[PDB]
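As stored in final-v5.txt (compact mmCIF, N, CA and C atoms):
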# COMPACT_ATOMS: atom_id res chain seq x y z
N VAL Z 1 153.25 151.71 109.56
CA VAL Z 1 152.30 151.70 108.44
C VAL Z 1 151.63 153.08 108.38
N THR Z 2 150.48 153.25 109.04
CA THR Z 2 149.69 154.48 109.03
C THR Z 2 149.34 154.88 110.47
N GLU Z 3 149.10 156.18 110.68
CA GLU Z 3 148.89 156.83 111.96
C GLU Z 3 147.50 157.47 111.99
N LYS Z 4 146.84 157.35 113.15
CA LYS Z 4 145.42 157.59 113.34
C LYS Z 4 145.20 158.93 114.06
N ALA Z 5 145.09 160.00 113.27
CA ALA Z 5 145.13 161.38 113.72
C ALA Z 5 143.72 161.98 113.70
N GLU Z 6 143.45 162.97 114.56
CA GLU Z 6 142.17 163.66 114.63
C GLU Z 6 142.37 165.15 114.44
N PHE Z 7 141.35 165.78 113.85
CA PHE Z 7 141.34 167.18 113.49
C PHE Z 7 139.97 167.75 113.83
N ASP Z 8 139.93 168.99 114.31
CA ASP Z 8 138.74 169.63 114.81
C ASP Z 8 138.33 170.71 113.81
N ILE Z 9 137.02 170.80 113.53
CA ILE Z 9 136.47 171.42 112.33
C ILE Z 9 135.76 172.72 112.67
N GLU Z 10 136.15 173.83 112.03
CA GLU Z 10 135.48 175.11 112.16
C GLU Z 10 134.92 175.52 110.80
N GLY Z 11 133.61 175.34 110.63
CA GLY Z 11 132.86 175.86 109.49
C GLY Z 11 131.54 175.13 109.30
N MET Z 12 131.56 173.99 108.60
CA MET Z 12 130.36 173.22 108.28
C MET Z 12 130.30 171.94 109.11
N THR Z 13 129.09 171.37 109.21
CA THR Z 13 128.84 170.06 109.77
C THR Z 13 127.57 169.50 109.11
N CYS Z 14 127.73 168.86 107.95
CA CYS Z 14 126.63 168.27 107.19
C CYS Z 14 127.17 167.10 106.38
N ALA Z 15 126.42 165.99 106.33
CA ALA Z 15 126.85 164.73 105.74
C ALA Z 15 127.45 164.87 104.35
N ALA Z 16 126.75 165.51 103.41
CA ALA Z 16 127.15 165.48 102.01
C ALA Z 16 128.33 166.42 101.80
N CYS Z 17 128.29 167.59 102.44
CA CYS Z 17 129.40 168.52 102.39
C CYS Z 17 130.64 167.87 102.98
N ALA Z 18 130.50 167.35 104.20
CA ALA Z 18 131.53 166.57 104.87
C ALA Z 18 132.01 165.45 103.96
N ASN Z 19 131.12 164.78 103.23
CA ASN Z 19 131.51 163.70 102.33
C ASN Z 19 132.63 164.12 101.38
N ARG Z 20 132.70 165.40 101.00
CA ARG Z 20 133.75 165.87 100.13
C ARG Z 20 135.12 165.70 100.81
N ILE Z 21 135.20 165.94 102.13
CA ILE Z 21 136.36 165.63 102.96
C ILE Z 21 136.96 164.27 102.59
N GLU Z 22 136.16 163.20 102.60
CA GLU Z 22 136.65 161.86 102.34
C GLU Z 22 137.49 161.84 101.06
N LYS Z 23 136.96 162.40 99.97
CA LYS Z 23 137.65 162.43 98.69
C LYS Z 23 138.86 163.38 98.76
N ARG Z 24 138.65 164.57 99.32
CA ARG Z 24 139.70 165.57 99.51
C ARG Z 24 140.90 165.04 100.31
N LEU Z 25 140.68 164.12 101.25
CA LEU Z 25 141.74 163.43 101.95
C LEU Z 25 142.23 162.21 101.17
N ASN Z 26 141.34 161.42 100.58
CA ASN Z 26 141.74 160.24 99.81
C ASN Z 26 142.63 160.63 98.63
N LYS Z 27 142.61 161.90 98.23
CA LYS Z 27 143.62 162.48 97.37
C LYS Z 27 145.06 162.24 97.83
N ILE Z 28 145.35 162.33 99.13
CA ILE Z 28 146.67 162.04 99.67
C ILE Z 28 147.07 160.63 99.24
N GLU Z 29 148.27 160.48 98.68
CA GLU Z 29 148.74 159.17 98.25
C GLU Z 29 148.96 158.26 99.46
N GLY Z 30 149.62 158.76 100.52
CA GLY Z 30 149.98 157.93 101.65
C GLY Z 30 148.83 157.78 102.64
N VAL Z 31 147.62 157.54 102.14
CA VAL Z 31 146.41 157.44 102.93
C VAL Z 31 146.03 155.97 103.05
N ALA Z 32 145.34 155.61 104.13
CA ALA Z 32 144.68 154.32 104.27
C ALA Z 32 143.19 154.55 104.40
N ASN Z 33 142.75 155.28 105.43
CA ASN Z 33 141.34 155.53 105.66
C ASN Z 33 141.14 156.98 106.11
N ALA Z 34 139.92 157.50 105.98
CA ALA Z 34 139.55 158.81 106.49
C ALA Z 34 138.07 158.85 106.89
N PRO Z 35 137.66 158.06 107.89
CA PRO Z 35 136.27 157.96 108.30
C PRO Z 35 135.89 159.18 109.15
N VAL Z 36 135.69 160.33 108.51
CA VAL Z 36 135.38 161.56 109.21
C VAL Z 36 133.97 161.55 109.80
N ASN Z 37 133.73 162.37 110.82
CA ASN Z 37 132.42 162.44 111.45
C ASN Z 37 131.67 163.67 110.95
N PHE Z 38 130.37 163.50 110.67
CA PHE Z 38 129.52 164.50 110.03
C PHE Z 38 128.34 164.86 110.94
N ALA Z 39 128.66 165.24 112.17
CA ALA Z 39 127.72 165.66 113.21
C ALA Z 39 128.51 166.11 114.44
N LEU Z 40 129.56 165.35 114.76
CA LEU Z 40 130.36 165.49 115.97
C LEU Z 40 131.41 166.59 115.81
N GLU Z 41 131.66 167.01 114.57
CA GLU Z 41 132.51 168.13 114.19
C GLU Z 41 133.98 167.77 114.39
N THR Z 42 134.33 166.56 113.95
CA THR Z 42 135.67 166.00 114.03
C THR Z 42 135.96 165.22 112.75
N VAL Z 43 137.12 165.47 112.15
CA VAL Z 43 137.67 164.64 111.08
C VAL Z 43 138.72 163.72 111.70
N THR Z 44 138.77 162.48 111.22
CA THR Z 44 139.64 161.44 111.70
C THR Z 44 140.33 160.84 110.48
N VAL Z 45 141.67 160.82 110.46
CA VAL Z 45 142.44 160.37 109.31
C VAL Z 45 143.43 159.29 109.71
N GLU Z 46 143.47 158.24 108.91
CA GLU Z 46 144.42 157.16 108.94
C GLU Z 46 145.32 157.32 107.72
N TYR Z 47 146.47 157.99 107.90
CA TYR Z 47 147.44 158.21 106.84
C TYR Z 47 148.85 158.05 107.41
N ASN Z 48 149.82 157.89 106.52
CA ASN Z 48 151.23 157.76 106.88
C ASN Z 48 151.92 159.12 106.77
N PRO Z 49 152.71 159.55 107.77
CA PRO Z 49 153.54 160.74 107.65
C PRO Z 49 154.81 160.40 106.85
N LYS Z 50 154.65 159.89 105.63
CA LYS Z 50 155.76 159.71 104.69
C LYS Z 50 155.50 160.55 103.44
N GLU Z 51 154.27 160.48 102.92
CA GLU Z 51 153.91 160.99 101.60
C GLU Z 51 153.25 162.37 101.72
N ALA Z 52 152.30 162.53 102.65
CA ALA Z 52 151.64 163.80 102.95
C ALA Z 52 151.83 164.14 104.43
N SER Z 53 151.15 165.18 104.93
CA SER Z 53 151.19 165.56 106.33
C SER Z 53 149.87 166.20 106.75
N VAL Z 54 149.71 166.42 108.06
CA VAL Z 54 148.58 167.16 108.63
C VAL Z 54 148.37 168.49 107.90
N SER Z 55 149.46 169.20 107.59
CA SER Z 55 149.41 170.50 106.93
C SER Z 55 148.77 170.40 105.54
N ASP Z 56 149.13 169.35 104.79
CA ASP Z 56 148.61 169.12 103.45
C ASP Z 56 147.10 168.93 103.51
N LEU Z 57 146.66 167.94 104.29
CA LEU Z 57 145.26 167.57 104.31
C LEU Z 57 144.41 168.70 104.89
N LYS Z 58 144.92 169.34 105.94
CA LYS Z 58 144.44 170.64 106.39
C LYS Z 58 144.23 171.62 105.24
N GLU Z 59 145.19 171.75 104.31
CA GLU Z 59 145.03 172.65 103.18
C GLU Z 59 143.85 172.21 102.33
N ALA Z 60 143.75 170.90 102.08
CA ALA Z 60 142.63 170.35 101.32
C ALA Z 60 141.30 170.82 101.91
N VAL Z 61 141.15 170.72 103.24
CA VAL Z 61 139.97 171.23 103.93
C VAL Z 61 139.87 172.77 103.86
N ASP Z 62 140.94 173.52 104.11
CA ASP Z 62 140.88 174.98 104.02
C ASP Z 62 140.41 175.40 102.63
N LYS Z 63 140.86 174.68 101.60
CA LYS Z 63 140.56 174.93 100.20
C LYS Z 63 139.08 174.67 99.95
N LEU Z 64 138.50 173.67 100.62
CA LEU Z 64 137.06 173.48 100.61
C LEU Z 64 136.31 174.71 101.15
N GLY Z 65 136.92 175.47 102.07
CA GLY Z 65 136.40 176.76 102.53
C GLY Z 65 136.52 176.91 104.04
N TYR Z 66 136.26 175.82 104.76
CA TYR Z 66 136.18 175.77 106.21
C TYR Z 66 137.50 175.28 106.79
N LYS Z 67 137.84 175.68 108.02
CA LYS Z 67 139.17 175.44 108.56
C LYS Z 67 139.23 174.09 109.27
N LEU Z 68 140.45 173.55 109.29
CA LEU Z 68 140.82 172.30 109.93
C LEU Z 68 142.04 172.57 110.78
N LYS Z 69 142.19 171.86 111.90
CA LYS Z 69 143.44 171.79 112.63
C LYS Z 69 143.48 170.50 113.41
N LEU Z 70 144.68 169.97 113.69
CA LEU Z 70 144.82 168.75 114.47
C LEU Z 70 144.25 168.97 115.87
N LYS Z 71 143.83 167.88 116.50
CA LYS Z 71 143.47 167.81 117.90
C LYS Z 71 144.57 167.01 118.59
N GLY Z 72 144.75 165.75 118.18
CA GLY Z 72 145.76 164.89 118.76
C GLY Z 72 145.82 163.57 118.00
N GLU Z 73 144.88 162.68 118.28
CA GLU Z 73 144.89 161.30 117.81
C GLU Z 73 143.48 160.74 117.96
N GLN Z 74 143.25 159.52 117.47
CA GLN Z 74 141.96 158.84 117.59
C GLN Z 74 141.37 158.96 119.00
N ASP Z 75 140.10 159.37 119.10
CA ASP Z 75 139.34 159.44 120.34
C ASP Z 75 139.91 160.52 121.27
N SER Z 76 139.34 160.63 122.46
CA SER Z 76 139.84 161.47 123.54
C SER Z 76 140.69 160.65 124.52
N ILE Z 77 140.50 159.32 124.58
CA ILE Z 77 141.24 158.45 125.49
C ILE Z 77 141.86 157.28 124.70
N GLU Z 78 141.49 156.04 125.01
CA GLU Z 78 142.03 154.79 124.47
C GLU Z 78 143.53 154.86 124.11
N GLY Z 79 144.38 155.05 125.12
CA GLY Z 79 145.82 154.96 124.96
C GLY Z 79 146.21 153.53 124.58
N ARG Z 80 146.65 153.31 123.34
CA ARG Z 80 146.91 152.00 122.78
C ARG Z 80 147.61 152.21 121.44

How would this structure read if it were set down as structure tokens?
Amino acid sequence: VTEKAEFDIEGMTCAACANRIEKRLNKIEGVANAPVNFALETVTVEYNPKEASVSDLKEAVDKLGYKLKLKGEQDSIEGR
């Protein structure tokens, strides 16, 4: 179905600005959820690697102005 990926944020960390992320990611067709964090400096995306990719959504964030890159997956631990 969908894969639960994490991305680490270099630029801004503020609720309303970050809120644009949600829409900028929800733009991806093959998306389910994108409950990004607006303090912890981490974006978290639930999307399928069929329709878009990390590179695409990364571009959406770069286009906002501030840089994005993958970290790994949901959380630092919880192997499941």

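CA of residue 5 (chain Z) sits 13.0 Å away from CA of residue 78 (chain Z).
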
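DSSP, applied to the backbone of this structure, assigns alpha helix (DSSP H) to the following residues of region 6-75 of chain Z: residues 15, 16, 17, 18, 19, 20, 21, 22, 23, 24, 25, 26, 54, 55, 56, 57, 58, 59, 60, 61, 62, 63 and 64 of chain Z.
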
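When only C-alpha atoms are used to compute distances to residue 24 (chain Z), the closest of the residues Z:58, Z:4, Z:71, Z:80 turns out to be Z:58.
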
Proximity to residue 49 (chain Z) - best of Z:64, Z:9, Z:36, Z:31, only N, CA and C atoms: Z:31

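Of the listed residues (Z:48, Z:43, Z:35, Z:27), Z:43 comes nearest to residue 69 (chain Z); the distances count only C-alpha atoms.
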
Length of the CA of residue 51 (chain Z) to CA of residue 14 (chain Z) vector [Å]: 28.8 Å

Straight-line distance linking CA of residue 63 (chain Z) with CA of residue 39 (chain Z), stated in Å to one decimal: 20.5 Å

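Of the residues under consideration (Z:33, Z:19, Z:13, Z:44), Z:13 shows the shortest atom-to-atom contact distance to residue 66 (chain Z) when counting only C-alpha atoms.
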
Could you pull out all residues of region 15-76 of chain Z with a DSSP call of strand (DSSP E) and give them as an MDAnalysis selection string? chainID Z and resid 31:33 42:47 67:70

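The closest residue to residue 50 (chain Z), picked from Z:7, Z:25, Z:79, Z:1 and counting only N, CA and C atoms, is Z:1.
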
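Using only N, CA and C atoms for every distance, the candidate list Z:34, Z:28, Z:40, Z:17 yields Z:28 as the residue closest to residue 53 (chain Z).
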